Each structure stands twice: as C-alpha cells, then as structure tokens.
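Encoded as structure tokens, the structure appears first; notes follow it.
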Amino acid sequence: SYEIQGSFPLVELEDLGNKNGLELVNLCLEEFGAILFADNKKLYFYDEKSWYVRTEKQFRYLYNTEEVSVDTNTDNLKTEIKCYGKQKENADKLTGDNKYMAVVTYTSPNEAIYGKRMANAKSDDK
Amino acid sequence: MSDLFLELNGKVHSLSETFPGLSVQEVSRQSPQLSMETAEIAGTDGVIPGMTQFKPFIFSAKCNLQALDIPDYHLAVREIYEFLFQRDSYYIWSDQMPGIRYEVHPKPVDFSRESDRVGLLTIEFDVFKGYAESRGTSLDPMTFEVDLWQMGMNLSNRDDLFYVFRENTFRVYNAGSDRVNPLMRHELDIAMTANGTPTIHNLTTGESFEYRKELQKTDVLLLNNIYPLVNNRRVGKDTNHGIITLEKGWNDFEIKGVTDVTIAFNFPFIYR
C-alpha cells in the first residue's frame, strides 16, 4: 500500500508502464522529487518540505564528533548553457538556429563569481 | 596511618573498615599522560605538534591483607573481588588529600600470597577522565568544608568566593588547574532568572551567549553542557549557540539586557 504526503507538480511521460513496481517507484522519486520511506509494506512518499523535521539536537566539534570530512568538486562548474527546442518541418530548407522554433542561452548569476563557463549544448525535441 | 575511601552507589565505604584484615600501606598517583600528535615535513627539522590531550592515568594503592586463617583468607579475597569490581565507575579519595577525589574504574590486580594468611596486593584504578576533581560542585557546601590547598593557601577558609550573584557585573573564581569547557565534556551549569533579553559576556575569555527572546522572572534559563533550556525545554534555535567557558582564576562576567538578575554557577573544579 502507498500513501502520499505533500505537494508535487505534474510530469509528462511517454508510454508509462511495462516495468516492475520498484522501477516505477524510482521513476516517481526521480521525476516528482519525492522521498520514499517504508513502514514495512506501506510506502510513504513525502516532499522536501514535509520530510525533514527540525530538531534541537546539534553536532558540536570536540563534543560528539571525531572526524569531519568535506569533499568538494568543481569539474562540472558551468554557468552558461545553450539549448534548442523542437525541430522545424523545413529544417533542411532552413539554416542555423532557424531550424528550431526555440533556441535559448541561459547564463547563471554565479558567472559574476566564476566567469563564463559554458557547457555542451543540450537538445530537447518535445 | 592511611586509608582509602570509596564512594559508590550513593554510599561511602572505608577500605580498612569494610574489610578488617585489609590495611592500606601507601597511596600514589601516576603523572598526567600528555599525548601529542607530531607531523613531519620533509626538508625541515623537527616536528609540528598537534593539540595536546591528557590520557587516562593510574591511581595506585599498595596494601596487605592479614587474614585469621586460610578459609578467612579465601573469603576475604572473594569479598574484595566482589566489592571492587563493579560494572560502573565510582569515586575514590584518600585521607592524605581528602579534598580531591578521582572517578575511576578498577584495574586487574593480583594477590601475592606470602604466607598461609598474609597476602600483599597493589590495587590500581584507571582515572579515565584524565583529571581529578573536587569532592563536590561549586554550589556544594561540602566542597569548601573539608580542605582545599592552592599555592600554599587554604580555599576552605576564604570568604570572598561566591557563586550566586544578583548584580550585572561580577567575578567568578575557578580554582581548578585548567579551564572549564563544556565542549570538553566538562560539567558546568549556569542558572539565571531575570526580566528582559539576556546577554552574558565573559570578558576574561571574551565569550558571549545571547538569548533573542524576552524573559520573565518566573522563567529560569539553564545552560547545561552545550544545551540551553528555558523551563526545561531546549530553545537553542532562538540563541546564538554560544558556549561559556571559565578560565583559570578570576573571570569577569558582565550581564546586559536584563534587570533583577539572579545568576548561579554550579560546576566542579578540575585538577591535573
């Protein structure tokens, strides 16, 4: 049995089905951004707001912690991206970005701290 | 003469009194175990030391048992083994320095049977906290009632040592051998009752604790260890998560933001 506790957006999907229960549950978690916790055979699906509960317990250095480690990676630090929408019917007859009705370049504000770091273009044809 | 007093499960026993045949010959303590981490840099001389710590040390008491006969010897051995080895730590002290006690766990010992009724032994106790402490807390009347000698002067006779204050600026005397720090799992309680928005400043150590809500005289703010409570409720989200530590000797405290303040410090002294 399943229970839902929270608010989630609508997601458009193609030919849903032909999968086991766990695959569909993982798909739900990845798409709707839910968090799954199971009371034995009863699966509760929360959102970020209703999952975490604030507590007065705290982690203090030299008091109840021994080794603290932070791993930081900046191999994928990108602040600019170019994306293309669907493809026009007269794609062969057209040239350049005119092949797509939707072409947009997004630049994050964090560029002001890191400069322009543009990544490989991603294409969504839907 | 000498004796060893053991406080356990809320009762105080004398080692020479619980077992009539046992007599404590000599009492001694190990030196503080200074542990240090050293890092070596290639191309440079010497080492760089990390933050020092104090490992658990050993309090030793050499004694002898003079039983009436062989069955008495075996019975006394069993009784001593049953009494000494409990599953929880207990406090010990000696008549030579009655004002200072150690919270210890028993160590393995071996009876050296010399004759049919005489056996020498050396009871060792692990002081696992790495320090000694006074027989009571600062607010405990027992602490300043038995004996306490510091730099050749007796603290049990000083009349200027107070730990309950009614003003906004005052001085608190920590008579221990080092700084009291709740982050080091030390015991330190601060109880306050006032009106307004409290703010406590330790100018000697330059520390500060502030509570960002109005307070009333019937509301008691208690800082114990690393947790502040208001009427026995954790309210850490409404504070600055400040920790107040007491340095050696006199610490100058300033209270701001409240009036009609009554503040009490309850903590035991720490001796190396």
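Going by the structure tokens order, chains are called A, B, ..., each with residues numbered from 1, while ligands are numbered from 1 in the order shown.
Within 8 Å of chain B, counting only C-alpha atoms, chain A contributes residues 56, 60, 61, 62 and 63 of chain A.
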For the residues in that selection, give me N, CA and C atoms as a PDB file, in the first residue's frame.
```
ATOM      1  N   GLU A  56      16.296  19.950  18.026  1.00  0.00           N
ATOM      2  CA  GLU A  56      17.226  20.733  18.828  1.00  0.00           C
ATOM      3  C   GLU A  56      18.578  20.056  19.003  1.00  0.00           C
ATOM      4  N   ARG A  60      28.479  19.196  17.525  1.00  0.00           N
ATOM      5  CA  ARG A  60      29.450  20.147  18.041  1.00  0.00           C
ATOM      6  C   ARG A  60      30.852  19.567  17.948  1.00  0.00           C
ATOM      7  N   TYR A  61      31.793  20.403  17.520  1.00  0.00           N
ATOM      8  CA  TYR A  61      33.180  19.981  17.401  1.00  0.00           C
ATOM      9  C   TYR A  61      33.783  19.757  18.782  1.00  0.00           C
ATOM     10  N   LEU A  62      34.558  18.675  18.905  1.00  0.00           N
ATOM     11  CA  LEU A  62      35.234  18.272  20.137  1.00  0.00           C
ATOM     12  C   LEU A  62      34.269  17.762  21.202  1.00  0.00           C
ATOM     13  N   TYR A  63      32.964  17.816  20.940  1.00  0.00           N
ATOM     14  CA  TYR A  63      31.976  17.355  21.908  1.00  0.00           C
ATOM     15  C   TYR A  63      31.457  15.959  21.581  1.00  0.00           C
TER      16      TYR A  63
END
```
Selection: 9 Å around region 33-49 of chain A, only C-alpha atoms, excl. self and same-chain fewer than 5 positions, as a list in words: residues 1, 2, 3, 4, 5, 6, 7, 8, 25 and 28 of chain A
Please dump the current selection as an mmCIF file, in the first residue's frame; keep C-alpha atoms.
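Output file out10.cif follows:
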```
data_model
loop_
_atom_site.group_PDB
_atom_site.id
_atom_site.type_symbol
_atom_site.label_atom_id
_atom_site.label_comp_id
_atom_site.auth_asym_id
_atom_site.auth_seq_id
_atom_site.Cartn_x
_atom_site.Cartn_y
_atom_site.Cartn_z
ATOM 1 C CA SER A 1 0.000 0.000 0.000
ATOM 2 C CA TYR A 2 1.080 3.579 -0.642
ATOM 3 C CA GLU A 3 0.444 6.962 0.952
ATOM 4 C CA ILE A 4 1.308 10.442 -0.321
ATOM 5 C CA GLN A 5 2.063 13.396 1.968
ATOM 6 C CA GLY A 6 2.989 16.616 0.196
ATOM 7 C CA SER A 7 2.521 18.611 -2.987
ATOM 8 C CA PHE A 8 4.078 17.604 -6.301
ATOM 9 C CA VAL A 25 8.704 3.956 -7.749
ATOM 10 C CA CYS A 28 8.359 8.721 -9.412
#
```
Nearby residues (only C-alpha atoms) at most 7 Å from residue 194 (chain B), same-chain spacing under 3 positions excluded, as a list in words: residues 215, 216, 217, 258, 259, 260, 261 and 262 of chain B
Please produce an output containing C-alpha atoms for each residue in the selection, written as a short mmCIF file (atom, residue, chain, number, x, y, z; two decimals), in the first residue's frame.
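Ended up saving to result-v6.cif:
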```
data_model
loop_
_atom_site.label_atom_id
_atom_site.label_comp_id
_atom_site.auth_asym_id
_atom_site.auth_seq_id
_atom_site.Cartn_x
_atom_site.Cartn_y
_atom_site.Cartn_z
CA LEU B 215 12.33 36.63 29.65
CA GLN B 216 10.30 36.82 32.85
CA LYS B 217 11.34 36.38 36.48
CA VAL B 258 18.08 42.36 31.73
CA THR B 259 17.26 43.69 35.19
CA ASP B 260 16.71 42.00 38.56
CA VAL B 261 19.11 39.23 37.55
CA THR B 262 19.88 36.25 39.79
#
```
One-decimal distance in Å that lies between CA of residue 256 (chain B) and CA of residue 169 (chain B):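 Taking CA of residue 169 (chain B) and CA of residue 256 (chain B), their separation equals 8.8 Å.
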Run DSSP on the backbone and grab whatever in chain A lands in strand (DSSP E or B); send it over as an mmCIF file with C-alpha atoms, in the first residue's frame.
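Dumped everything to result10.cif:
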```cif
data_model
loop_
_atom_site.group_PDB
_atom_site.id
_atom_site.type_symbol
_atom_site.label_atom_id
_atom_site.label_comp_id
_atom_site.auth_asym_id
_atom_site.auth_seq_id
_atom_site.Cartn_x
_atom_site.Cartn_y
_atom_site.Cartn_z
ATOM 1 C CA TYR A 2 1.080 3.579 -0.642
ATOM 2 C CA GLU A 3 0.444 6.962 0.952
ATOM 3 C CA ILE A 4 1.308 10.442 -0.321
ATOM 4 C CA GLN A 5 2.063 13.396 1.968
ATOM 5 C CA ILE A 35 11.310 10.938 -0.777
ATOM 6 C CA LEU A 36 10.271 7.354 -0.054
ATOM 7 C CA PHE A 37 10.159 5.849 3.431
ATOM 8 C CA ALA A 38 8.568 2.495 4.198
ATOM 9 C CA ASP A 39 6.752 1.310 7.306
ATOM 10 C CA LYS A 42 3.398 0.648 3.500
ATOM 11 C CA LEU A 43 5.322 3.160 1.385
ATOM 12 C CA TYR A 44 5.014 6.841 2.314
ATOM 13 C CA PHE A 45 6.045 9.422 -0.288
ATOM 14 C CA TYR A 46 6.913 12.835 1.148
ATOM 15 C CA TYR A 61 33.180 19.981 17.401
ATOM 16 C CA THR A 65 32.201 14.387 16.659
ATOM 17 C CA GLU A 80 26.276 29.157 -19.210
ATOM 18 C CA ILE A 81 24.331 26.809 -21.477
ATOM 19 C CA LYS A 82 22.710 26.819 -24.918
ATOM 20 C CA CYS A 83 19.576 24.788 -25.630
ATOM 21 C CA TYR A 84 17.494 24.066 -28.724
ATOM 22 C CA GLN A 87 12.852 20.876 -34.979
ATOM 23 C CA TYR A 100 14.367 25.267 -34.187
ATOM 24 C CA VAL A 103 16.724 28.441 -29.123
ATOM 25 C CA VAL A 104 17.792 29.970 -25.814
ATOM 26 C CA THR A 105 21.033 30.698 -23.964
ATOM 27 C CA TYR A 106 20.858 30.673 -20.162
ATOM 28 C CA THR A 107 23.525 32.375 -18.044
ATOM 29 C CA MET A 118 29.651 27.318 -20.949
ATOM 30 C CA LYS A 122 21.605 20.006 -24.684
ATOM 31 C CA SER A 123 18.677 19.470 -27.052
#
```
Polymer residues at most 10 Å from residue 76 (chain A), only C-alpha atoms, same-chain spacing of 2 or more positions, as a PyMOL selection string: chain A and resi 73-74+78-79+117+119
Who sits within 12 Å of residue 17 (chain B), only C-alpha atoms, same chain under 5 positions skipped, as number ranges by chain: B: 2-6, 12, 22-24
Residues of chain A in alpha helix (DSSP H), written as a ChimeraX atom specification: /A:21-32,48-51,111-114
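Look at residue 122 (chain B): the protein and nucleic acid residues within 7 Å of it, using only C-alpha atoms and passing over chain neighbours fewer than 3 places away, are residues 60, 61, 62, 63 and 109 of chain B.
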